[PDB]
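A.B. asks: Can you read through this structure? Questions will come right after.
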Amino acid sequence: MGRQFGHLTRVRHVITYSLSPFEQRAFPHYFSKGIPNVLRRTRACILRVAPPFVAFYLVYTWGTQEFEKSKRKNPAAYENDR
Amino acid sequence: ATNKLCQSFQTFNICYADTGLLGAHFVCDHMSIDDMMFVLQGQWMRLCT
């Protein structure tokens, strides 16, 4: 579509190395460094992700609590008596 | 040579004591690498098959 490898950009003085997929393990150090990585990733975002959704649960735990209280009858039987 | 794919290309067989580098080396434009590596490997698979 008028754009393909060959004219994308001008790259100079960059050397890359790579291995054959058959000469390297597909799952290298999965839990050795992947698990410590996810802890690093989660911390970097838990201060921007959790607080917005923590508030929603607070709305949930209060909006639903008040709704049942409305359906619950209140002791307003005075002024009629026997 | 029909569609001017490469400026140069050659086939080599470097031999060592227990190893070697059997393959090919080609010189072409910056918009002809894929067009000849496709026919270069296509020729290899023809002899094998």
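Count begins at 1; order follows the chain as displayed.
Including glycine, each Cβ sits where the backbone N, Cα and C put it.
The topological domain 'Mitochondrial matrix' feature in Swiss-Prot is assigned to A:2-39. The annotation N6-succinyllysine is assigned in Swiss-Prot to A:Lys33 on the grounds of similarity to another entry. For A:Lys33, the entry in Swiss-Prot reads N6-acetyllysine, with the evidence type similarity to another entry. As annotated by Swiss-Prot, transmembrane segment applies to A:40-68, with the evidence given as experimental evidence. Annotation source Swiss-Prot lists topological domain 'Mitochondrial intermembrane' at A:69-82.
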A.B. asks: Please list the DSSP helix, strand and coil residue counts for the topological domain 'Mitochondrial matrix' (A:2-39).
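C.D. replies: In the topological domain 'Mitochondrial matrix' (A:2-39), the DSSP-based counts are 13 helix, 0 strand, 25 coil.
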A.B. asks: 10 Å Cβ neighbour count around A:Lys33 (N6-succinyllysine)?
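C.D. replies: The Cβ of A:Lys33 (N6-succinyllysine) has 10 Cβ neighbours within 10 Å.
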A.B. asks: Pull the DSSP breakdown for the topological domain 'Mitochondrial intermembrane' (A:69-82) and write it out as helix, strand, coil residue counts.
C.D. replies: 3 helix, 0 strand, 11 coil
